[PDB]
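Undergrad: The structure is given below, and queries will be raised subsequently.
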Amino acid sequence: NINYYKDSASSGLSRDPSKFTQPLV
Amino acid sequence: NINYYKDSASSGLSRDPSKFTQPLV
Amino acid sequence: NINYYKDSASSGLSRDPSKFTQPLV
Amino acid sequence: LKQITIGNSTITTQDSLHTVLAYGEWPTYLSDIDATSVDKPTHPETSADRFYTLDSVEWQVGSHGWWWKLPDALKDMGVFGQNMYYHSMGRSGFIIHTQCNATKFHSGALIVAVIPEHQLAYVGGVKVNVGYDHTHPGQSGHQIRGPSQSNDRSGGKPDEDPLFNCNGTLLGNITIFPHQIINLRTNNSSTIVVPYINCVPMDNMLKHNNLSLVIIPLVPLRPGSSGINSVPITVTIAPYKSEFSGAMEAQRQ
Amino acid sequence: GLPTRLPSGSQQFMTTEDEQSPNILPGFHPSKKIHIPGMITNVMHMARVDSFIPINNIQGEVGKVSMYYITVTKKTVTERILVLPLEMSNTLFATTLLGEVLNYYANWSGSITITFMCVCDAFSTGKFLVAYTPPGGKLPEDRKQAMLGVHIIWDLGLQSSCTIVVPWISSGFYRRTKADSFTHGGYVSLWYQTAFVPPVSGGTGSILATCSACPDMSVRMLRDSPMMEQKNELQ
Amino acid sequence: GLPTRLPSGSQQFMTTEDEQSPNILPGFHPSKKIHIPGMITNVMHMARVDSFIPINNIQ
Amino acid sequence: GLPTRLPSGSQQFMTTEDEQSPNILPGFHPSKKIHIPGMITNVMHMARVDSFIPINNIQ
Amino acid sequence: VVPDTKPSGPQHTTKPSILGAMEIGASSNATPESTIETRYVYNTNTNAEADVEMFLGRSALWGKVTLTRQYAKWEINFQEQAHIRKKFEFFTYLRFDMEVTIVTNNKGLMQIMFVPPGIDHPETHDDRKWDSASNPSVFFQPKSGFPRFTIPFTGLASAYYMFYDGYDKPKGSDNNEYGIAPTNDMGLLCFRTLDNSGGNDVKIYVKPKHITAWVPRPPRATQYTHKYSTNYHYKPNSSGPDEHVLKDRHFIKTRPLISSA
Amino acid sequence: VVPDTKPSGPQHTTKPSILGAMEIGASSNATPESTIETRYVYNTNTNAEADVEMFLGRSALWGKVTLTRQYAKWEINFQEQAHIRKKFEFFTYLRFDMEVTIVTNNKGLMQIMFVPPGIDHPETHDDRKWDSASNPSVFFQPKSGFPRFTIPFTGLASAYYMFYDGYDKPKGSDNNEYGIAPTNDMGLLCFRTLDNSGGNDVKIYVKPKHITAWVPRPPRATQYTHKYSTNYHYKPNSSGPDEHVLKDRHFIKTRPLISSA
Amino acid sequence: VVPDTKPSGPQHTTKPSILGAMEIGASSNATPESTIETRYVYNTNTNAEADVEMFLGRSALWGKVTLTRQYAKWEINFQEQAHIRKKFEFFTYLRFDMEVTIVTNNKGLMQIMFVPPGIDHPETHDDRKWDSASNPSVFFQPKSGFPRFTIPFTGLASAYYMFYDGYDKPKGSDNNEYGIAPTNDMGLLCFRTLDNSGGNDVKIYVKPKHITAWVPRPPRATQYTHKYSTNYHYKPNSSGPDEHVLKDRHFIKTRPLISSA
């Protein structure tokens with residue numbers, strides 16, 4: 001996992017469904 | 001941190017505000 | 001210090017003044 | 001209160017502020033790690049380091065300012081001037097003291113700054129280097145005379161507009177330089193200590209002027225209730241930690 | 001041969017990249033680095049030094065030193081003396097150290113300092129109200145409305161300079177340099193608190209103002225500055 | 001020089017690849033990431049919320 | 001393929017660079033290095049030997 | 001990073017952290033905790049885009065030339081392009097290696113000879129002076145490549161003079177040269193084309209790196225007029241019967257009324 | 001991965017896992033183990049192609065331009081291409097760095113100047129504003145290379161506004177601007193050609209990366225009409241004497257009869 | 001690095017470190033500490049740019065050729081370009097591998113055949129001698145590349161003869177050859193073009209590396225006249241009735257008056 005440009009914004013692509021479908025108290 | 005040209009002047013970019021704003025004795 | 005061509009003559013540039021200015025016995 | 005004593009001479013003040021120390025560094029001697037000539041430098045240390053007080057100028061209504069080049073202003077001030085003329089090189093810090101006092105009825109302000117390498121602009125038009133005689137006026141200073149279209153253009157006269165610092169940069173940004181303000185309401189003097197600011201250990205004291213003292217009447221001088229319409233300003237400069245090297249004949253003619 | 005691939009962006013010259021380059025003149029030994037006083041490491045340190053604001057930049061004053069001060073007098077009723085719209089593109093700030101550093105950057109986020117000084121005799125006294133109307137707020141045009149925002153009240157005696165710290169009030173995290181309607185910064189208005197009383201009947205006082213940045217001021221997205229132009233060719 | 005070879009597929013722009021690219025505007029500091037409620041990580045979480053069917057879609 | 005990039009300055013011939021080059025005539029064995037008196041390693045050693053100045057160079 | 005904001009309750013203090021002094025030549029330390037009621041704000045902005053390295057290290061354009069007869073010459077200086085000359089004239093002394101990139105629209109085979117100071121450059125293409133033994137030269141084909149090479153700090157002093165308040169000859173001399181013109185020359189680049197293919201436009205992008213700025217200055221507040229000359233009075237119309245009228249060309253805009261803006 | 005299927009025998013339960021409530025605003029958890037007899041099924045499918053990163057991170061086309069006189073300009077926005085504008089209008093707030101690739105059929109030597117907000121761009125080729133000192137620029141030769149550079153998140157907030165229900169000026173104002181138009185501008189790219197060789201078609205492919213979507217929305221169910229404007233009434237024939245007839249342009253097809261499809 | 005300067009006070013010595021002897025053939029060791037009062041000066045300059053490796057190792061031009069009918073020939077020698085021949089004639093014996101780079105403005109497909117000594121080279125293009133089995137050859141396309149290859153030290157002795165005070169045949173012989181001409185030949189390079197595209201100008205840049213210079217000499221103080229011949233009398237006008245007038249062509253300038261310069 002090398003970052004050739006020595007910067008975070010230059011990297012490649014980076015990487016719980018109940019907030020919806022159940023938003024009850 | 002590799003230097004491919006084996007020289008200091010070939011590197012990339014290198015890396016206290018009171019000297020001004022307070023130059024009092 | 002890598003030599004990519006696996007030969008001595010392929011390398012890059014390599015690296016007492018009294019023999020003159022004092023050649024006395 | 002304050003009192004500043006260098007060899008043989010003493011400065012005293014009563015309504016004075018905190019002494020400005022240009023860039024936080026005191027004038028020091030040339031360390032061996034930073035020196036480049038081999039000859040041993042001379043250290044006067046008591047006959048050069050003292051308060052030489054130049055001529056007094058007249059602050060009137062409509063005076064635009066005055067600038068003194070250093071060390072050119074001291075070129076004929078005692079053994080400091082004599083060493084300037086007899087040595088190939090030299091470095092020196094200064095202790096610039098400005099004095100102006102009027103009254104509790106007068107008003108006004110002066111922005112007293114110290115510009116390193118105050119490369120003056122030409123008085124206008126064609127590309128012409130400013131004359132040597134003008135950027136080296138001596139201790140007499142130089143009255144700024146203000147901007148106009150009728151200023152003389154012959155012989156590389158320097159720029160006379162005090163708003164553009166006589167060099168193209170706006171006044172009011174001059175406060176980035178080691179400076180102070182003489183507000184006749186609150187104080188009557190200004191002290192500034194300046195080290196030797198130059199990218200080389202020593203250089204010729206006559207060809208090159210490292211500093212420039214510039215005094216600009218930021219706000220005019222109101223006389224108020226008193227028939228006194230002008231006040232003298234005096235500039236008392238003192239070399240400090242001065243050293244010269246490379247002796248030779250006098251560089252006069 | 002080791003398999004390599006040349007993705008997009010690998011035969012280009014981007015002016016703002018960071019690469020190593022072959023040293024022409026090898027073996028060259030630069031002259032030694034001596035201690036010159038005054039070294040700077042960051043331009044924001046310039047943007048933290050107070051510099052005068054051309055507060056009287058009216059059409060008759062620009063080009064004259066009298067564009068750095070306005071004249072106040074004894075008035076019976078309160079008046080709005082001076083307004084400084086917090087816009088780092090406005091010619092008030094865009095010509096000072098603060099503004100001339102901030103104009104190289106598209107965004108800025110922090111707190112400003114504004115130091116007002118009154119140059120008058122030693123017997124003149126007076127109180128002024130320095131108000132900062134937060135963003136989204138109309139220009140006050142009455143002291144009863146100006147004093148509801150961030151304001152201070154400074155006397156005049158034995159000490160002439162006073163500082164209002166325009167705090168960082170904003171919705172977003174960064175405020176655009178070229179002032180627009182979405183991120184506007186508000187206004188700083190100077191009002192007669194009680195008067196300006198000189199020792200004589202028609203006395204005057206001349207007020208200056210400097211601006212600087214608080215230690216928490218920051219900038220981003222370096223760009224060209226609109227405060228410089230080149231129309232001719234330098235020969 | 002280290003011997004390298006450029007196989008087929010090594011001067012092309014495929015829209016759906018995964019490469020690193022030189023950051024224009026270096027030193028740029030993005031604004032801080034605050035907690036906004038509702039963050040989604042997967043569109044299938046949208047596809048798991050009931051939605052009405054236009055069952056009477058006649059002309 | 002390992003991702004490489006060719007920055008500016010990477011298809012050029014600068015006369016004063018320091019690179020390795022493929023040896024034509026491989027296996028070649030140079031003649032032995034014998035001790036010749038007088039070896040010099042630095043031209044400043046020449047610049048430290050006194051030499052007469054043409055001080056009377058008039059026309 | 002920048003410091004966080006500290007909380008501040010109502011304070012009734014007898015040492016005002018607001019009343020300072022502009023005359024003492026020092027800026028005020030007044031942070032908003034001194035004037036108002038603040039809250040603790042975890043503030044993480046950085047001024048990393050403002051330090052001299054990232055401020056100046058951006059490879060701007062320094063000069064353009066035009067290959068007349070497969071030949072053009074350029075003496076290295078930042079004095080022709082006002083936008084970068086201003087960013088440099090921010091500071092008094094600057095010390096930096098520089099990284100030169102040549103953006104040429106030519107096609108064919110070009111040559112750049114970096115002529116160190118004091119020797120004669122080739123006065124034209126197919127000059128004999130091009131066959132040099134020691135002058136470092138750069139060959140390249142403009143298609144497939146941008147030539148780039150670093151010039152280390154060639155100073156004859158500990159820094160570069162952006163402003164020089166002195167002359168180079170003594171008093172009585174006649175051709176004295178004010179300014180930084182004699183203080184340093186970085187050589188010059190001589191371009192030529194060996195083929196005949198492409199255009200003639202050559203742009204020289206130079207990137208100051210390993211910078212160390214030394215004395216801040218008021219940034220230039222007027223459009224330049226000449227190089228090495230720090231004049232600002234523009235003489236706009238040399239022909240007409242007004243040649244003795246000198247524009248100013250500053251950037252201070254005027255507003256109709258104060259207290260209304 | 002997705003969960004495996006569990007076995008389920010005949011159940012006679014008094015707590016129906018089928019009878020839910022649509023009114024409570026919560027979706028049902030009914031998996032097929034609740035309705036029928038299931039078998040254990042080792043199920044190993046992944047929705048890895050559906051997460052926001054791999055859903056949006058595909059470098060779509062954002063805008064086209066045409067070099068008129070070796071010059072064209074494009075202000076960065078996703079509002080012109082409906083297919084990607086819809087995938088974005090899925091979510092309310094989006095935070096992403098973007099990776100711009102320029103697919104140009106030109107031949108020669110091009111230049112791209114990324115003009116940050118608030119300054120004047122070059123209004124034409126061979127403008128003086130092209131010699132910039134700080135505006136980041138990209139030079140490339142279209143043959144042998146596709147220029148690509150990442151723009152980090154330039155937000156002035158914690159995310160991008162895909163939809164903004166507000167204005168930028170107060171009530172009584174006159175030129176109020178509804179929508180997201182004032183909330184953000186990402187600068188613009190100015191293209192020019194220094195040679196004369198190739199075509200004029202320039203395509204800007206932009207890839208959102210390090211995405212973080214924030215609030216889901218009903219995907220756009222109508223063809224767009226303007227940019228930044230979220231109108232949908234299409235005024236098809238402005239000339240003819242029907243200009244006041246507004247098509248709808250939705251995608252809901254009709255069927256001849258329900259209970260027959 | 002060079003040594004630091006030591007301090008030196010006033011000395012009254014009876015062993016003068018100034019009065020030496022020029023007759024003894026040894027240079028004086030007098031450092032400025034012997035004549036004047038010095039200060040300690042931390043001196044860190046290096047003569048690293050003066051050692052033989054970095055002095056000669058700079059890849060100068062050795063010879064030019066012109067492809068007449070897609071064919072040109074060059075016998076390897078440093079004798080044609082005076083600027084590098086002088087830097088070599090600094091020393092008597094030199095031992096170095098050399099790195100040959102070919103800067104050709106041709107376009108197409110070229111071939112270089114390094115013909116070792118003693119065999120027949122191809123006398124033209126499309127000669128049969130080009131199909132060689134053992135003569136090492138270099139193919140390249142001039143666009144996209146500069147061909148480069150190292151020739152190790154091919155000496156027949158421990159070094160190269162820059163100057164040779166002898167002949168190759170005994171006394172009574174008739175075609176004796178003075179100088180270094182017979183002492184060594186480095187072969188020759190035969191260039192040809194297989195296409196027809198480009199120009200005909202070929203430049204051969206050769207970089208001495210792993211140098212070991214052996215005996216210093218007075219640098220050449222006169223313009224050369226021939227190769228391998230170390231004559232200096234230039235016969236300028238062979239046609240006119242002055243052919244027997246021989247210029248000198250030295251570089252010693254004259255001054256109007258001594259004691260005035």
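Residue numbers start at 1 in each chain; chains themselves are named A, B, ... in the order of the structure tokens; ligands are numbered from 1 in the order shown.
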Would you pick out the contacts of stretch 5-10 of chain F at 10 Å or less, using only C-alpha atoms, so that residues sharing its chain but fewer than 5 positions from it are not included, and give the list as JSON, numbers by chain?

TA: {"E": [1, 2, 3, 4, 5, 6, 7, 8], "G": [1, 2, 3, 4]}

Undergrad: May I have all residues of stretch 26-232 of chain H that DSSP, computed from the backbone, assigns to strand (DSSP E), given as a PyMOL selection string?

TA: chain H and resi 60-66+71-75+93-104+110-115+137-140+148-151+160-161+188-193+201-213

Undergrad: Distance limit 8 Å, atoms considered: only C-alpha atoms. Which chain F residues sit that close to chain I? Return them as an MDAnalysis selection string.

TA: chainID F and resid 11 13 15:17 21:25 28 30:34 36:44 46 48:50 55:59

Undergrad: One number please: atom CA of residue I:113 to atom CA of residue I:190, in Å, one decimal.

TA: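 Atom CA of residue I:190 lies 5.2 Å from atom CA of residue I:113.
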
Undergrad: In Å, how far is it from atom CA of residue J:45 to atom CA of residue J:2?

TA: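 Spanning atom CA of residue J:45 to atom CA of residue J:2 is a straight-line distance of 5.9 Å.
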
Undergrad: Mind giving me the straight-line distance from atom CA of residue I:109 to atom CA of residue I:201 in Å, one decimal?

TA: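 About the pair atom CA of residue I:109 and atom CA of residue I:201: they are 14.2 Å apart.
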
Undergrad: What's around stretch 9-23 of chain B at 7 Å? Count only C-alpha atoms, leave out sequence neighbours fewer than 4 positions away in its own chain, and write the answer as a list in words.

TA: residues 3 and 5 of chain B; 20, 21, 22, 23 and 24 of chain D; 18, 19, 20, 21, 22, 23, 38, 45, 48 and 49 of chain E; 26, 27, 53, 97, 150, 152, 209 and 210 of chain H

Undergrad: What are the closest atom pairs, with distances in Å to one decimal, for each residue of chain E lying within 7 Å of chain H, using only C-alpha atoms, rows by chain and rising residue number, as JSON lines?

TA:
{"residue": "E:15", "atom": "CA", "partner": "H:59", "partner_atom": "CA", "distance": 5.2}
{"residue": "E:16", "atom": "CA", "partner": "H:58", "partner_atom": "CA", "distance": 4.9}
{"residue": "E:21", "atom": "CA", "partner": "H:149", "partner_atom": "CA", "distance": 5.6}
{"residue": "E:22", "atom": "CA", "partner": "H:149", "partner_atom": "CA", "distance": 5.2}
{"residue": "E:23", "atom": "CA", "partner": "H:150", "partner_atom": "CA", "distance": 4.7}
{"residue": "E:24", "atom": "CA", "partner": "H:150", "partner_atom": "CA", "distance": 5.7}
{"residue": "E:25", "atom": "CA", "partner": "H:151", "partner_atom": "CA", "distance": 7.0}
{"residue": "E:30", "atom": "CA", "partner": "H:153", "partner_atom": "CA", "distance": 5.7}
{"residue": "E:31", "atom": "CA", "partner": "H:158", "partner_atom": "CA", "distance": 5.9}
{"residue": "E:32", "atom": "CA", "partner": "H:158", "partner_atom": "CA", "distance": 6.0}
{"residue": "E:33", "atom": "CA", "partner": "H:158", "partner_atom": "CA", "distance": 5.3}
{"residue": "E:34", "atom": "CA", "partner": "H:158", "partner_atom": "CA", "distance": 6.2}
{"residue": "E:36", "atom": "CA", "partner": "H:214", "partner_atom": "CA", "distance": 6.9}
{"residue": "E:38", "atom": "CA", "partner": "H:215", "partner_atom": "CA", "distance": 5.4}
{"residue": "E:39", "atom": "CA", "partner": "H:214", "partner_atom": "CA", "distance": 4.1}
{"residue": "E:40", "atom": "CA", "partner": "H:214", "partner_atom": "CA", "distance": 5.7}
{"residue": "E:41", "atom": "CA", "partner": "H:52", "partner_atom": "CA", "distance": 5.7}
{"residue": "E:42", "atom": "CA", "partner": "H:51", "partner_atom": "CA", "distance": 3.8}
{"residue": "E:43", "atom": "CA", "partner": "H:50", "partner_atom": "CA", "distance": 5.6}
{"residue": "E:44", "atom": "CA", "partner": "H:50", "partner_atom": "CA", "distance": 6.4}
{"residue": "E:49", "atom": "CA", "partner": "H:27", "partner_atom": "CA", "distance": 6.0}
{"residue": "E:50", "atom": "CA", "partner": "H:27", "partner_atom": "CA", "distance": 5.7}
{"residue": "E:56", "atom": "CA", "partner": "H:258", "partner_atom": "CA", "distance": 6.6}
{"residue": "E:57", "atom": "CA", "partner": "H:254", "partner_atom": "CA", "distance": 5.3}
{"residue": "E:58", "atom": "CA", "partner": "H:254", "partner_atom": "CA", "distance": 5.1}
{"residue": "E:59", "atom": "CA", "partner": "H:254", "partner_atom": "CA", "distance": 5.5}
{"residue": "E:62", "atom": "CA", "partner": "H:252", "partner_atom": "CA", "distance": 7.0}
{"residue": "E:80", "atom": "CA", "partner": "H:259", "partner_atom": "CA", "distance": 6.0}
{"residue": "E:81", "atom": "CA", "partner": "H:259", "partner_atom": "CA", "distance": 5.5}
{"residue": "E:82", "atom": "CA", "partner": "H:259", "partner_atom": "CA", "distance": 3.8}
{"residue": "E:83", "atom": "CA", "partner": "H:259", "partner_atom": "CA", "distance": 4.4}
{"residue": "E:84", "atom": "CA", "partner": "H:261", "partner_atom": "CA", "distance": 6.6}
{"residue": "E:85", "atom": "CA", "partner": "H:261", "partner_atom": "CA", "distance": 6.4}
{"residue": "E:91", "atom": "CA", "partner": "H:253", "partner_atom": "CA", "distance": 5.7}
{"residue": "E:159", "atom": "CA", "partner": "H:21", "partner_atom": "CA", "distance": 6.8}
{"residue": "E:160", "atom": "CA", "partner": "H:21", "partner_atom": "CA", "distance": 6.8}
{"residue": "E:161", "atom": "CA", "partner": "H:21", "partner_atom": "CA", "distance": 5.1}
{"residue": "E:162", "atom": "CA", "partner": "H:19", "partner_atom": "CA", "distance": 4.8}
{"residue": "E:163", "atom": "CA", "partner": "H:18", "partner_atom": "CA", "distance": 5.4}
{"residue": "E:165", "atom": "CA", "partner": "H:32", "partner_atom": "CA", "distance": 5.6}
{"residue": "E:167", "atom": "CA", "partner": "H:32", "partner_atom": "CA", "distance": 5.6}
{"residue": "E:214", "atom": "CA", "partner": "H:31", "partner_atom": "CA", "distance": 5.9}
{"residue": "E:215", "atom": "CA", "partner": "H:2", "partner_atom": "CA", "distance": 6.8}
{"residue": "E:216", "atom": "CA", "partner": "H:2", "partner_atom": "CA", "distance": 5.1}
{"residue": "E:218", "atom": "CA", "partner": "H:47", "partner_atom": "CA", "distance": 5.3}
{"residue": "E:219", "atom": "CA", "partner": "H:47", "partner_atom": "CA", "distance": 6.1}
{"residue": "E:220", "atom": "CA", "partner": "H:49", "partner_atom": "CA", "distance": 6.1}
{"residue": "E:227", "atom": "CA", "partner": "H:251", "partner_atom": "CA", "distance": 6.3}
{"residue": "E:228", "atom": "CA", "partner": "H:83", "partner_atom": "CA", "distance": 6.6}
{"residue": "E:229", "atom": "CA", "partner": "H:223", "partner_atom": "CA", "distance": 6.4}
{"residue": "E:230", "atom": "CA", "partner": "H:82", "partner_atom": "CA", "distance": 6.0}
{"residue": "E:234", "atom": "CA", "partner": "H:226", "partner_atom": "CA", "distance": 5.1}
{"residue": "E:235", "atom": "CA", "partner": "H:226", "partner_atom": "CA", "distance": 5.3}

Undergrad: Write out as JSON, numbers by chain all residues of stretch 22-68 of chain J that backbone DSSP assigns to alpha helix (DSSP H).

TA: {"J": [52, 53, 54, 55, 56]}

Undergrad: For N, CA, C and O atoms, I'd like the residues from the last selection saved as a compact mmCIF listing (two decimals), in the first residue's frame.

TA:
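The resulting file, again-v1.txt, is reproduced below:
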# COMPACT_ATOMS: atom_id res chain seq x y z
N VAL J 52 39.88 15.79 -11.62
CA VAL J 52 39.92 15.38 -13.02
C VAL J 52 38.61 14.77 -13.46
O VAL J 52 38.13 15.03 -14.57
N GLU J 53 37.99 13.96 -12.60
CA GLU J 53 36.72 13.34 -12.96
C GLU J 53 35.66 14.36 -13.31
O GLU J 53 35.10 14.31 -14.41
N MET J 54 35.39 15.31 -12.43
CA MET J 54 34.39 16.33 -12.69
C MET J 54 34.90 17.44 -13.59
O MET J 54 34.10 18.27 -14.03
N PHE J 55 36.20 17.50 -13.85
CA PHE J 55 36.72 18.51 -14.76
C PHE J 55 36.53 18.08 -16.20
O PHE J 55 36.07 18.87 -17.03
N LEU J 56 36.87 16.83 -16.52
CA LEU J 56 36.75 16.33 -17.87
C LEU J 56 35.46 15.58 -18.12
O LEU J 56 35.00 15.52 -19.27

Undergrad: Quick one: residues within 9 Å of residue D:205, only C-alpha atoms counted, chain neighbours fewer than 5 positions away excluded, as a VMD selection string?

TA: chain D and resid 70 to 72 75 84 to 85 87 to 91 210

Undergrad: Go ahead and write the selection's residues with C-alpha atoms as an mmCIF file, in the first residue's frame.

TA:
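Heads up, here's the output in out-v9.cif:
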data_model
loop_
_atom_site.group_PDB
_atom_site.id
_atom_site.type_symbol
_atom_site.label_atom_id
_atom_site.label_comp_id
_atom_site.auth_asym_id
_atom_site.auth_seq_id
_atom_site.Cartn_x
_atom_site.Cartn_y
_atom_site.Cartn_z
ATOM 1 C CA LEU D 70 23.282 54.970 6.563
ATOM 2 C CA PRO D 71 26.169 54.645 7.092
ATOM 3 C CA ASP D 72 26.485 57.440 4.564
ATOM 4 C CA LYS D 75 30.775 59.462 6.662
ATOM 5 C CA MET D 84 34.762 54.346 6.748
ATOM 6 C CA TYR D 85 37.161 56.083 4.383
ATOM 7 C CA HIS D 87 39.018 50.602 5.299
ATOM 8 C CA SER D 88 37.938 48.519 2.336
ATOM 9 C CA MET D 89 35.002 46.954 4.188
ATOM 10 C CA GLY D 90 33.009 47.343 7.361
ATOM 11 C CA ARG D 91 29.921 46.334 9.280
ATOM 12 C CA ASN D 210 22.461 49.046 4.139
#

Undergrad: Report as a Markdown table the residues of chain D within 7 Å of chain J, each with its shortest atom pair and distance in Å (one decimal), using only C-alpha atoms, ordered by chain and increasing residue number.

TA:
| residue | atom | partner | partner_atom | distance |
| --- | --- | --- | --- | --- |
| D:32 | CA | J:41 | CA | 5.0 |
| D:33 | CA | J:42 | CA | 4.9 |
| D:35 | CA | J:41 | CA | 5.9 |
| D:36 | CA | J:41 | CA | 6.6 |
| D:38 | CA | J:38 | CA | 5.1 |
| D:39 | CA | J:38 | CA | 4.7 |
| D:40 | CA | J:38 | CA | 5.1 |

Undergrad: Residues of the last selection are to be written out with N, CA and C atoms, as a PDB file, in the first residue's frame.

TA:
ATOM      1  N   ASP D  32      33.532  34.005  13.621  1.00  0.00           N
ATOM      2  CA  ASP D  32      34.456  33.331  12.721  1.00  0.00           C
ATOM      3  C   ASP D  32      33.759  32.395  11.755  1.00  0.00           C
ATOM      4  N   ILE D  33      32.672  31.755  12.179  1.00  0.00           N
ATOM      5  CA  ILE D  33      31.937  30.852  11.307  1.00  0.00           C
ATOM      6  C   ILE D  33      31.261  31.593  10.162  1.00  0.00           C
ATOM      7  N   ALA D  35      32.603  34.673   8.843  1.00  0.00           N
ATOM      8  CA  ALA D  35      33.518  35.613   8.215  1.00  0.00           C
ATOM      9  C   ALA D  35      34.084  35.029   6.933  1.00  0.00           C
ATOM     10  N   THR D  36      34.456  35.913   6.012  1.00  0.00           N
ATOM     11  CA  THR D  36      35.034  35.506   4.742  1.00  0.00           C
ATOM     12  C   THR D  36      36.353  36.103   4.289  1.00  0.00           C
ATOM     13  N   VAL D  38      40.291  37.296   5.441  1.00  0.00           N
ATOM     14  CA  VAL D  38      41.251  36.753   6.388  1.00  0.00           C
ATOM     15  C   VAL D  38      41.850  37.814   7.295  1.00  0.00           C
ATOM     16  N   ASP D  39      41.914  39.069   6.867  1.00  0.00           N
ATOM     17  CA  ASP D  39      42.585  40.080   7.661  1.00  0.00           C
ATOM     18  C   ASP D  39      41.841  40.324   8.966  1.00  0.00           C
ATOM     19  N   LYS D  40      42.594  40.687   9.988  1.00  0.00           N
ATOM     20  CA  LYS D  40      42.007  40.881  11.301  1.00  0.00           C
ATOM     21  C   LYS D  40      41.250  42.200  11.337  1.00  0.00           C
TER      22      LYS D  40
END

Undergrad: Hey, could you make a per-residue contact list for chain D against chain B with 12 Å as the cut-off, showing the nearest pair of atoms and its distance in Å to one decimal, counting only C-alpha atoms, sorted by chain and number, as a Markdown table?

TA:
| residue | atom | partner | partner_atom | distance |
| --- | --- | --- | --- | --- |
| D:17 | CA | B:24 | CA | 9.8 |
| D:18 | CA | B:24 | CA | 6.3 |
| D:19 | CA | B:25 | CA | 5.7 |
| D:20 | CA | B:24 | CA | 4.5 |
| D:21 | CA | B:23 | CA | 5.0 |
| D:22 | CA | B:23 | CA | 5.8 |
| D:23 | CA | B:19 | CA | 4.7 |
| D:24 | CA | B:23 | CA | 5.2 |
| D:25 | CA | B:19 | CA | 8.4 |
| D:26 | CA | B:25 | CA | 9.2 |
| D:175 | CA | B:21 | CA | 9.5 |
| D:176 | CA | B:20 | CA | 7.4 |
| D:177 | CA | B:20 | CA | 8.4 |
| D:178 | CA | B:23 | CA | 7.5 |
| D:179 | CA | B:23 | CA | 9.3 |
| D:180 | CA | B:23 | CA | 10.5 |
| D:191 | CA | B:24 | CA | 10.3 |
| D:192 | CA | B:24 | CA | 9.0 |
| D:193 | CA | B:25 | CA | 8.9 |
| D:194 | CA | B:23 | CA | 10.4 |

Undergrad: Any chance you could export the current selection's C-alpha atoms as a compact mmCIF listing (two decimals), in the first residue's frame?

TA:
# COMPACT_ATOMS: atom_id res chain seq x y z
CA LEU D 17 8.39 54.28 24.93
CA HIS D 18 9.88 50.78 24.84
CA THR D 19 12.99 50.69 22.67
CA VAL D 20 12.38 48.90 19.38
CA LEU D 21 14.88 46.14 18.66
CA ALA D 22 14.94 45.56 14.91
CA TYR D 23 14.18 41.89 14.26
CA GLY D 24 14.85 40.92 17.86
CA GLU D 25 18.63 40.83 17.40
CA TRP D 26 21.20 43.02 19.10
CA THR D 175 5.20 49.32 9.44
CA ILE D 176 6.62 45.95 8.40
CA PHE D 177 10.01 47.56 8.85
CA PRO D 178 11.42 48.24 12.30
CA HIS D 179 9.58 51.45 13.06
CA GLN D 180 7.95 53.65 15.65
CA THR D 191 14.65 54.79 19.88
CA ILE D 192 15.43 51.97 17.45
CA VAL D 193 18.27 49.46 17.69
CA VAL D 194 19.21 47.92 14.33

Undergrad: Give me, as a VMD selection string, all polymer residues having an atom no more than 9 Å from residue E:191, counting only C-alpha atoms and skipping those fewer than 3 positions away in the same chain.

TA: chain E and resid 78 to 82 127 to 131 142 to 143 146 194

Undergrad: So that I can check the surroundings of residue H:191, please list as a list in words every protein, DNA and RNA residue that reaches within 7 Å of it, counting only C-alpha atoms and ignoring chain neighbours fewer than 5 positions away.

TA: residues 71, 72, 73, 110, 111, 112 and 113 of chain H
